[PDB]
Every structure is written in C-alpha cells, then in structure tokens.
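For reference, the structure discussed in these notes is given below.
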Amino acid sequence: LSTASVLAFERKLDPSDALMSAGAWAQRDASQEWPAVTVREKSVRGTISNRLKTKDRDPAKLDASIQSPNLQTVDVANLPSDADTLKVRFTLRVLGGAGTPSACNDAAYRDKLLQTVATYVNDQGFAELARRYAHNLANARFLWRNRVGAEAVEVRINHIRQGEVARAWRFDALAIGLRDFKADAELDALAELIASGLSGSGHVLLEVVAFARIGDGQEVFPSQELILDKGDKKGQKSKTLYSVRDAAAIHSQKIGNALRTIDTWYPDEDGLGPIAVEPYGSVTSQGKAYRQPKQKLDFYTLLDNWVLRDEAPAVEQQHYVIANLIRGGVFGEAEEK
Amino acid sequence: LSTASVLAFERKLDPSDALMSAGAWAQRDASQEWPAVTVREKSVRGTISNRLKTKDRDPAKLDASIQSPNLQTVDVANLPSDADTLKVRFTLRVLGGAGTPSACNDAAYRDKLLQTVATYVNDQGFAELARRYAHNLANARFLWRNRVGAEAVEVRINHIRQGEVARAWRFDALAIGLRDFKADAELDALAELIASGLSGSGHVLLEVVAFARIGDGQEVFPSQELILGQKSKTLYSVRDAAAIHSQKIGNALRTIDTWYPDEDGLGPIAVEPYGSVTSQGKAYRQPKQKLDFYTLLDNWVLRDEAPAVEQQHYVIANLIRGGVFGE
Amino acid sequence: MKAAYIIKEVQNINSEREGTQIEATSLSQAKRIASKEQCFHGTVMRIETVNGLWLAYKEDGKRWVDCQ
Amino acid sequence: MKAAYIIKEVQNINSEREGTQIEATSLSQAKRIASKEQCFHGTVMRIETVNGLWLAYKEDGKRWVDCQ
Amino acid sequence: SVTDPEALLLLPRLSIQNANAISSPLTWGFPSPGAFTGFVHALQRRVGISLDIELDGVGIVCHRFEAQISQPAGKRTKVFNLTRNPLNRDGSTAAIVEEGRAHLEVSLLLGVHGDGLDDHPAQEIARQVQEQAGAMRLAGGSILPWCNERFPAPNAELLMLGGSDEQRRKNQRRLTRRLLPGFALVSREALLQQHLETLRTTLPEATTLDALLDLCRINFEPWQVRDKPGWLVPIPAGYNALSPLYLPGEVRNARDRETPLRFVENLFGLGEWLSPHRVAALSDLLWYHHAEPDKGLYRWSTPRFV
Amino acid sequence: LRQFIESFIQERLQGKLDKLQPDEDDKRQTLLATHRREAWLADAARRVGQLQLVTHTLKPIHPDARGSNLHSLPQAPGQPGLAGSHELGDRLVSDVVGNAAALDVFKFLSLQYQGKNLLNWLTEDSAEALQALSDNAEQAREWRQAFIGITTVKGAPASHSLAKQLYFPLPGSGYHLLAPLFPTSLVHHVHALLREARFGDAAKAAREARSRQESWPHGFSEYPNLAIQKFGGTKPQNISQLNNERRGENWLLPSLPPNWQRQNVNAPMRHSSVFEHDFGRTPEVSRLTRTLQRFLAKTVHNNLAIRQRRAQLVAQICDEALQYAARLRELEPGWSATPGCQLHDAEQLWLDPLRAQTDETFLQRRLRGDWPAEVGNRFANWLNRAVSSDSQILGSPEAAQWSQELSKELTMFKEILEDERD
C-alpha cells in the first residue's frame, strides 16, 4: 500500500545505431551495395566574435584580439561529389510485456501495479501510443538535421519474421508533418503491428531505412561524441563524430529519443509540438522542464496517484504514464537511507 | 523581455567543398571528365628574409645563418603543362526559415524575435540580401587568389529540380565587378530564386561551376591546412583532388556588407559580429559606436528601437550565417 | 622571483591561438590575472609555460581544471 | 658483457660501405668510439648491428640521429 | 567435469550493441564471464522449464570487438566515450556518471542435459532457444537479430554423447569451422598458482603476481622481453563475502523481499584467449558457476579444461 | 608527544597577517587569542562525529547512493588462483567518508590509535596502570559530555536503489542476492602502479638504460592500453579521499580479445601480392620473429624449457594462418583474379568459398579437396626460410628435434582442409 523502494522498468522500443550510406536517388531500390559515408578531418580558422564584457570598450583592445585568430581541427562528413542521396538504416525491435517491472520490492505494489496496467490495456489498446510511435518512424524524425532542407525523404519499413519480409511499407516522410498526428490507412497497419508487439510477449523486429535526397557533396550530420577528458598537448580535434567501423553513424539513444517525442499532453505548448517522454519532463535544447512537481503532472506523482490511492488521471495523462513505462527508467522513493 | 542566455541559429546558404580540376578552355561544354588537380610535393631551400631583432645585426651570425640555410617540403598544386583552365565546382543549398533559432532558452524572447524578423520580412523581402548574394555568385569571389591575374573567368550556375536542370545561368565574372552591386535582367532571376529559397517558398539547390584561364602549368591555390626537411605547407585534398574548404567558399558569399560606421573607401567586407577582416587587422563595427551586431540586435528586439533600414539587412545577414548568440 | 606565463583566450579547449605573456609570482596569481584580461563571454582561458606546456584552463564559468 | 657493433664511415646517409667491427659495452660507448676512428671531414658515421640493422648515425657535425 | 552435457547448442553469431565495457573496478574490455553465466540462466528460466531441458554451461567465443574509447592528445592511455543524460527539473546539467560501452559479436556454445532432448527433435529446441534469445540483453547491451544481404546464421545442435569415436572427431571438428574467426575465453587458474610458487625471489601475494602476467615487461640484457605463455588477460572471477548473510526482509532497499543478501567484493583471476583448434573437446570450453554459500565464495570458471 | 599542538602558531600570523584594517574587527582580531586557540572544538563539535572509516564503499557506483559503507575485510578464498582484498591487512589504507571537513580531524584521530611503539619488553614497564594523572571525578561533572559520543556512529545495514544488486544461483537451490561494493583500498594499493612501475625514478632510469643498451639488474615494466575511469564530477571530495595523489580517477587494466583493433576490411589475395603470400599481414614482423626466439639459441645447453616455446610458437603461427584463412573466407563477396597474380596459385582450396559455382581448374576441385601439400608443405618451407644464418645445427642430434614439431604440424593440418568442400 506504498511505493516500493526499488522500482525499475526496462527499455521497450529498442533501436540500434543508424549507419549512413550514400548513392544516387532512383538507384535506391538496389541500395544494398552503396558505400558508407566516412568521417574525415579538416582545419578551420575563425575570429573570436563573441559578446564582450561591459568593462572594456576600446578599439585598440578589440583590434588586437582579431590580430590573432584561433585554429582547430574538426570532423566533417560529406556525401561524395557524385552521390546526392543519404541512406540511413537501423533495426528496431519492439519487445512487449510493457508494464512488468524489471525490479520491485513490494509484492502488493506489483500486484496492484500490473492490474492497473491491465485495466489500462483491457479498456483501451496501445493503439494511441502505437500510432504516435509509428508516426515518428513514418516521418523521418530520426534524421535530425539531415531532414531539414532535404528535397525528398522516403522511408521503407520491413517486418521480418526470421529472414523474410512479411509486410513492407513505404512512406513520403515530408508529406506527413511533425506537429499534428494524423490518421492514415497504410500507417494504421504498422500501428497495429507495433501495438500487437507491445501487448504480447516476444519481440517484433523491424528494419527502417530512410532515403534523404540532399545534394551532391553536401554535408551530412552524424552524431557527435562526448569526451570528458580533453587532451592537454594541442594535438586533439575539437569535434569528433561517431562512426561504426569506418561508417558515420547516429547513436542508438538519439534515434530512440526521436522515437519517443510523442508527449503533447501537458496543458501548454500552443505551437511547440511533441517533446520527448521523460520523468520531470525536460528538454535539453530548451533548457527547462515542463512537468514540474508543483503541478499534478509528474510521473512520480501521477503514477502513485493512479496505483496506490487509485486516483486515476485524465486519459491523456494515462497515455503519458504508459509511454513513460515503455521507455524504461530507474525509480526510487528510498525506504531506507 | 530580456535576452536568452542560450541562442543558436543554424546557417542557411550551405556550400560544399569545391573540387578543382583542369582542362583546356573551349573544351568547357565537355568538362565533366576533366582530370582533377593533384597536390604534390617539392623541396624548397629558403633564405634569411625576415627582420632581425637588433641583437642579430652582427655579420658573424648573419654570415653563419646565410651559409647553412633551412630546407623545407611544401605541398604545391599546379595545372598540367597542357591545361590552361581551372574548373572549380561546388553545390549550394539555400534553406530558409531564417529567423527561427534552433536552441533557445526563453519563450517570450523567442516569440518577440520571431515577431521582429517577421516584421522585417513582411516590410521588405529577402530581395536586397539575395541580390548581394547572387552578385557574389556571379563574380567568382569564391576563387580567392585563383581569380587575380586570370585572363577570363566564367561562372555557370544550374538550378537543380530533381537531378534535372531547371534554369542555367552564364556569367562573365570579370565584367561583373567585385566592388559594386549593379542590376541585370539575368542576375535578377538568380536573386529572386535565392530570395524564394531564403523566404521558404521553394527548395533551392544550386550547382556552381567556375572556369578560370590561369595559364599552362601555372600554380593554383587550394585551401591550406594547419601543420600538426620538415613540411612547411599542407594543402587540402578530399580524396586526391585539390579542394577548397566549404567555409572559405561560404565566406566569399556573405561579403555583402557595404554599410559601415567607418569609411566606405575599402569595398564590401564579410558579415561578422564586430565587422572584421583579418587581412586588414581591424574591426570596422566597434561597440564604441552603436552599429555592431549585438547592440543593434538588443535594441531592435528587446526595447523595440529599430535601426536604419540598411542596418536591418546587416542584422538579418548575421542571422542567416548562424552562430552562438545570447548572453 | 617573478615567473613568466602565457595567457591564452580560445574558443574551446582544443584550440590554438597566440597568447599574451604575463609576469606572475605564483600560478594562483596567474589565475587571478587570467580571471580578468578576458574580453569575451563564451571563451576558454588557458595558462601555459613559455615553451608550450599547459598548466590550467577554465571553460566559461567553471573551476580551473588543472593539468597534471 | 661487451657487445659487437659495426662502425661505418660513408659519404652520405644512404650509402653502403663495408665497416669495422668494434667491441663496446653500451651504445653510448659506440658513439664515443665512433666520434673518433673517423678519418675524413664531410662523412657520415653509422652504427649497426652484426646483421645489418641500423642503430644511429651522425652527419658532419650534428646530433646522433637515433634509428627507432 | 560436473554435469557433462548430453547436447551442445550453438547460438551462432550474436551481435550486441552497447555492452558494458568496465566489467570490474580493476579491469576493462571484454565483459565479465558472470554476465554470460547469468544470461544462460535467464534463458533457463524462460524456455528451460517449458522444454524440460537444462541449459547450464556456456562457451564464450568473441568474433569481433569494438569499444567506444578515444586516446587523448599526449597520453598513452584511453578514455571512454559517454552519453548526454537528461537534465534535472532545476534546468541544470546532471552529474557525469561515466560508463564504458562496446560493440560485440559473440557465439554461445550452450550445453543441454535434461530429458526434453529425448521428447522433442533437435530442431525444435534450437528455434525456441534462438528466438527467445533475441528478446533479451546480454551485458547491458541489446542482442541485435539478423537482417542483412547474406542469410541468417542457423542455430545448430550436437548430441555429443551420441556417435562413435570417428563421430567424436567428425562432430567436434565440424562446429570448430563455425567458431574459428574468433577466439575462446577459458579460465586459467593453475597458471596463476604455479606462477605464485615460481616467485621464490620475493614472497608476494596473488594480487601483485596477477599484475605481473599482464605485462609486456622488458628484461635487462645480461634488451629482451620475458616469455609469452599465450594471450593472457585479467578476468573477474566471482565474488567473495564481506558481510554475513542477511534475512530476506531486513534490508528495505533490496531487489526483492524474499532472497537473502550479502555485501560482496570482487575476486580476480587469470584467463586466456585461444583459438578453438587447441581445444580437444568443445564441452571442456564451457563456463559454470559454483558457489560455497557456507563460505562467502560465489565464483565461476571453466572446469574440466586441463 | 609535546610539539603536536605547538606547531600551529608560527604558520598563521607570520605569512597571512600582513595588514589588519579597522574595517574588520569581528573574528580574527579579538576571538583568535580568546577562544579559537585551544578550546576551539566546542563550537566545532559537529564535524567530529560525521566521518566513517571504510574499506569498501558505495558512492563510486553512483554519487546519489545512501546505503551502507562497510569496513569489514574479507576472508581468504582457499582456492588457488584468486586475487582480492584479502591479501592486505597491514599494507591497506583505510578510506574516510564524510563531508568536506575531513582533513584535520582525521589526521588528529589517526595517529593515537594506529602507530603505537611497543616491541621491546614483555615484563619491564608493561605492568603499569598507575602512571595516570589521578585527578578527582566530582570536579569535572557538567561539561565533560563528549567521552562516549566521539566513536559511536549509527549502524542499520542498508543498500540503495542505485547500488548494483544481483542474483547468484545456489547449487540445486534458490538464490543469494549479491550487492557488490567498490573496493577503495584495493584500488589504492593498485594505484602503486605509478611509482614503482610507470614513471617513478628507478623505472625511467632503466627506460633510459634500454635506449643506451646498458645493463643493471633492474628490468622495468610497461603497461599498455590502460583506461581512465574518473569518479566524482568536478568535485572528487564528495566521494572519498580522491584529493592527495589519486586525482578522482581510476586506472583500468585491459581484458581485450586478440580481435581488438583489427583492421576493417582485409586485403584480398592475388591482386598485388609480392610479400604477403603465406605470412598473412601481421604486425609482429619485428616482434615474433626478430627478437623473440633468436636470443640464447646459439649456446643452448639445456633442453627443458627451450624447445617447448619453439614448439608452441610455431603452433601459434599454424593457428593464425587458419585465422587469416577464416577472415578471408567470409567478408569478401567478390573475386576478379585475372590481373596482378604471377606467382600465387593453387589456392582454390585455401582462400576461396564455394560461391555456388564450379570454380574448377580442369580438375575435380569442387567436390574433392585432397593432397593439400599445395599449402601445407608450401608454408612449412616458408617457416624454414624465415631464418638462414643458423649454421651449427647440422650434424647434431638437436636438428632432429626441429623436425619433430614440423612432423607434428604436418600431421594435424590435412583433414581440416578437406572438410570444407562437400
């Protein structure tokens, strides 16, 4: 009849790293032999043009700062000069068994947790969450900056049983937007597949390929690697790009972040769009956190209002709580300290 | 109400690297199969040429230093002995959505910034900025030292629909000046294509090809790398072709600023905060005066004090090149 | 004694830029006079010896990260 | 222990010439006794093993360039 | 040779992304063998009771390895590449609690014992194990199922108690064609003990002497390097109690209120990567874990590997 | 000891007190000689009970972990090749956990309990119990309240939700839940990888003597591919004593496969092969063949440990040749073998897949693969022509021993090359 001190969920909707290839459009049905986009280095010189402080206003102290440029080595990934199309493929697996914790102390809390998850599922399917997870696959939101200013984006999704293609899909990723979730016909079959993968026990494997027509020789944007120890010699690059065996790649957690942006249910954002699903719902680009404990909108508060004292939220908040179970997460409340 | 501590704008006008190749003039309409220019090495014996620091005035050390000199290896790029023309080819991508930041930290500052940029666009379009960018494509300013002392420079710009050429343009880059901005009935079309790209109407991809008669076997100048018979000079090459960095091509496109708080007897400079050129070693938009980018941006966004109509083009041109703004 | 240091103001940590030579007694004096003599906001201060060995650096409102 | 080396005096670095075998304890002892036992001015000394692997060389009034 | 398998099972080529690369407070690299001996036990409590079989041993064959590391400028060591975590509700950046990751291509020789071999065909068992093992995670890393241009690699099965002595070198030299591009990790506990009375010059412990086998240490010219017994690595080799065993409710932060607890430390040992052609019988290559819960020893090894 | 609280007055008012202005008259001018000198621990009696003296701790696992930090040293296993914290006991360093106020009171508490000086006598000056001050017990009743609370910290054995708990299967039974801790003392003892091994003085002396080819009886050690695990954040004092000489970081030993740092796509045979025929491409040209088996080979006087490594070092080459064959077996989905090859033939059984196609050479190559001396003897001679300066082995009974292991690798190599073509 209280929150367990250990409570953890495991990641359903688990993608892989997204490798990058490059070739021509209209040779993209036969794109299995396209060479990879490789990461190379270059040099870059610029002037320090940042905001000055208040204390120094003088032409001599500013002109002496631009006598000396600074230099640095960065990484760059480009398409080849004869290729205009970026190919990005990754494999998604939708596991299922969603509301079952991978850790729980109290047997009573697990017993009145999986019953509440069942009376979510038996009263309404995963179809509302499944349409919004499948919509972020059907528009190529996992192409982050590779999507913006592309001429045509084309997404191909293949369900795979053992080594065969059970059903294939095909989408125009620009024709469906990023703001408003709409209902389609070829897309609801994919939504039903993802829902039947989340509801059952056993994985559903997808391969997702996106083709973005960008232009000859243009710059593509793989994910950038975070290094906390910077080399103290003057040797090191200033910008390192992620690469899976000499192929430029996007991280799996960044693809998965792109798939989780379904949260449109906090009573704000008349023109922001979806944000990702997080406890204490926070955006790293905006800097803030939109679901605060001062308001009845947090996972740590919505969850134990809906489980312990069976005070159900609104249905739109229940969708958030179940989506926040599908991403996983480690949770506490710490019965002993 | 106040300036957000995190602002970030993306660059519009994405150029690629520019790959250099060589062939003969009047074989320009069949220049798809031209051989690339290759970076190669040569040895250099140098001489004592720099200023001596007044403790090395003595003959007993100057003779010993001129007796045994230093030997270097440089990278050099030349045309072949029978090719007289340098072909330079890159693609330009014009994005649009110019006033929207990519990272922001306020909702009221972001809304008022978008309100201000929409006010700018709804008063006059991107036509004045796009005229000045189309002019820097028409003259071949992206050929930096590859343009000076050239017998003829011809620039061809194709607009790309799918892979097909919608419109092709053809310019004599030496007749079109490097220090003016005039009007022409075929450069107006390129300016309004770039204007329809920056305002967000169409998808604009350009293919820019420049030819330059430099002469048989003469030296061409690729962009230069920083050094990590010790080598004195390293040239940029993508696979084996000599190439130009994308940021140095991009620099020569936003050299459109002709509105100074200083003397206008020096031509256009590149759009920068605190408008600066390293080759002259001074910043022409000082924050002592009230015409740098940050002061004009703060007065035009926060306290609604607009600058003059010409400085608004400068502020929007700094928003087109992107950057890490915000306190 | 007064030792010589090189104070550099760079964009990020792995940038090269010609710096200005100071005269300081201790490394803490160099960190104090490298707290000032900084013109810009989003920049990194770096303290070096005269021959190019790094000693400490500071990245836009953080601690001085000493270089062992 | 006393190790065997081959001291060679050649015109330039990439020249082949039959050398003289010494008996030396260290490589620094070989560099000392290859500083002497040199007859000419504009020549290059080279120190090798008995099987032809180069160890160090010195070219007409410079440092011993060690061969890694 | 405790509990000899009546059947080997070859999960052929498991591709793993973002496995844990730290593996202990002292070591780093390929993950711990206890991860694999826990993975085979997680298979055992999902398909092992539904098929009445016993998955108990496991053979670790690493084909391909790649770590997210980077070498800094001016250092001969490595540092780990990290992930940007989410922010706090304050809006500030959270702590950087660093973690190592690695990509991983592995093969798993399982070993089957029970009476469910004799009721089901050998092809029923292998699918129900393989398609189960694509729903699970190995070392904190996702097991990535097949899709490619080639063909998916199939899950075989031997019956290594069945056949004559010609089949006992026809079968155990047929699987070794499918294990050969990689290397097998075996436990070498006798080397680290016989290297301990080899040190008669000093009288050390096993801690400083396992540190004296990881070395490409360079001996003075009487230069030269001391001899190589093989490709030897340090491995975590189990746990050891540093607390008495607690009743299953008297800590209220446990993973469950029905299992006893001990606070344990690590326990380090020696292992060797070797090509599977040095292996006489592939059942000798399997990893088990035995416990002495009257002591505090909870460890794992490959027994029956002479 | 007597000079122990007397060495505090000369370091404060000599260097730091340079000018005392009347703008400040609050703490350092009036109270420093009044209450802050000897009886200063009255108002500072809230950091003194705060600490804990541990060996295995929890905060390196995650900083927001508030379970039990334990001191209890382990027992010995009793099984041979196992290394833990159990082999310490007088070389161990006991970690302290508390706030950021643990520099002075820890050194004050440490010296009186650890480090006593009783070794000489068992009879004389050991039966003394009346060498105390012998004062009264009623005079100091009210304000001596700190005798008992100076040691007794709380117990309550706990763990945390971010504390890495695990199940371990018992033999024939259920489970034990194992909660590992971070060994501070063992990582500290292994952080003496620095002074004796990496860049202390006696090691770099022998690194200098390696280059000059000198000789003294200290050989040095070299640790490749270590990794840095930095604990804490920017603050390695909210975790442990990570501030004296272990600067909030941890040095990790490698446990890597040989497949570590392998080259991405192998070069296919018979395109430009002039050096690389049966060697493969290996980075041990100067490592395995140059300096390894060629020292003390000319004056061999014992045959107990010499020919074992000569027997197994060639078995390593016989294994890594098959490794090279297996790498080139997969990973290469095409062949264009018409140019570039003029001395590399009869390799269709050795570097060629089946390709679902008759790649025969006017033989029965595609279903039958026997007589493989077009590879076996052809690199068995490659191994012999790896060396030619060995002279005095001829006319000796030890040259028969060199032909023993090559009669052995001409035993075990045939049938593993016929069983792939069926």
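Chains as they are written, first to last, in PDB author numbering: chain J, 24 to 360; chain I, 24 to 251, 258 to 356; chain B, 1 to 68; chain A, 1 to 68; chain D, 2 to 223, 239 to 322; chain C, 13 to 434. The C-beta atom is built at its ideal place from N, Cα and C for all residues, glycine as well.
Distance, residue j Cα to residue i Cα
{"i": "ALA127(D)", "j": "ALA196(J)", "result": "40 Å"}
{"i": "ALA152(C)", "j": "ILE97(D)", "result": "52 Å"}
{"i": "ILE273(J)", "j": "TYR265(J)", "result": "7 Å"}
{"i": "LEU264(C)", "j": "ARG116(I)", "result": "47 Å"}
{"i": "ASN73(I)", "j": "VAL249(D)", "result": "58 Å"}
{"i": "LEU24(J)", "j": "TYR132(J)", "result": "7 Å"}
{"i": "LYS247(C)", "j": "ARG63(B)", "result": "10 Å"}
{"i": "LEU30(J)", "j": "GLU67(D)", "result": "32 Å"}
{"i": "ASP38(C)", "j": "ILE47(B)", "result": "37 Å"}
{"i": "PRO155(D)", "j": "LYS79(D)", "result": "37 Å"}
{"i": "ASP86(I)", "j": "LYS58(A)", "result": "24 Å"}
{"i": "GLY163(D)", "j": "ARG169(D)", "result": "8 Å"}
{"i": "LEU251(J)", "j": "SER97(C)", "result": "30 Å"}
{"i": "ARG320(D)", "j": "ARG268(I)", "result": "55 Å"}
{"i": "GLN64(C)", "j": "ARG156(C)", "result": "23 Å"}
{"i": "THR61(J)", "j": "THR263(J)", "result": "13 Å"}
Endpoints, alpha helix (DSSP H) assigned at residue i
{"i": "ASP116(C)", "result": "116-125"}
{"i": "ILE126(D)", "result": "123-131"}
{"i": "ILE349(J)", "result": "338-349"}
{"i": "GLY287(D)", "result": "Run containing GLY287(D): none in the alpha helix (DSSP H); it sits in the beta strand (DSSP E), 277-290."}
Residue i - containing beta strand (DSSP E), residue span
{"i": "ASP98(I)", "result": "94-101"}
{"i": "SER25(I)", "result": "Premise fails: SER25(I) is in no beta strand (DSSP E) and is neither H nor E."}
{"i": "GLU9(A)", "result": "3-10"}
{"i": "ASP57(D)", "result": "56-68"}
Residue-level contact to chain C via CB, residue i, 7 Å cutoff
{"i": "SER28(A)", "result": "yes"}
{"i": "residue 233(D)", "result": "Coordinates for residue 233(D) are simply not present: the residues of chain D run from 223 and resume at 239."}
{"i": "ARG268(J)", "result": "yes"}
{"i": "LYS78(J)", "result": "no"}
{"i": "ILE219(D)", "result": "yes"}
Cβ-Cβ separation, residue j to residue i (assumed contact under 8 Å), whole Å
{"i": "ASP239(I)", "j": "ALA106(I)", "result": "7 Å"}
{"i": "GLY142(D)", "j": "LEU193(D)", "result": "The pair is not a contact, with the Cβ atoms about 29 Å apart (cut-off 8 Å)."}
{"i": "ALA22(D)", "j": "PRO32(D)", "result": "7 Å"}
{"i": "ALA185(D)", "j": "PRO292(D)", "result": "5 Å"}
7 Å Cβ cutoff, residue i in contact with chain A
{"i": "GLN225(C)", "result": "yes"}
Test: residue i CB closer than 7 Å to a CB of chain J
{"i": "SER39(I)", "result": "yes"}
{"i": "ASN81(C)", "result": "no"}
{"i": "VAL80(D)", "result": "yes"}
is_contact[residue i, chain D] using C-beta, thresh 7 Å
{"i": "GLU301(J)", "result": "yes"}
{"i": "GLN147(J)", "result": "no"}
>> What are the residues in the stretch 157-189 of chain J lying within 7 Å of chain D by C-beta distance?
In response: Answer set for the stretch 157-189 of chain J: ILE183, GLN185, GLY186.
> For the stretch 94-111 of chain C, which residues have a CB atom closer than 9 Å to at least one CB atom of chain D, in sequence order?
Replying inline: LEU94, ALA95, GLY96, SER97, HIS98, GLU99, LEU100
> What residues in the stretch 310-340 of chain J have a beta carbon less than 9 Å from any beta carbon of chain I?
Replying inline: From the stretch 310-340 of chain J, only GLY310, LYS311 have a Cβ closer than 9 Å to chain I.
>> By the 8 Å beta-carbon criterion, what residues does the stretch 228-254 of chain J contribute toward chain D?
In response: Identification of residues in the stretch 228-254 of chain J having a C-beta nearer than 8 Å to some C-beta of chain D yields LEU228, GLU230, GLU248, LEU249, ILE250, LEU251, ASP252, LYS253, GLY254, given in sequence order.
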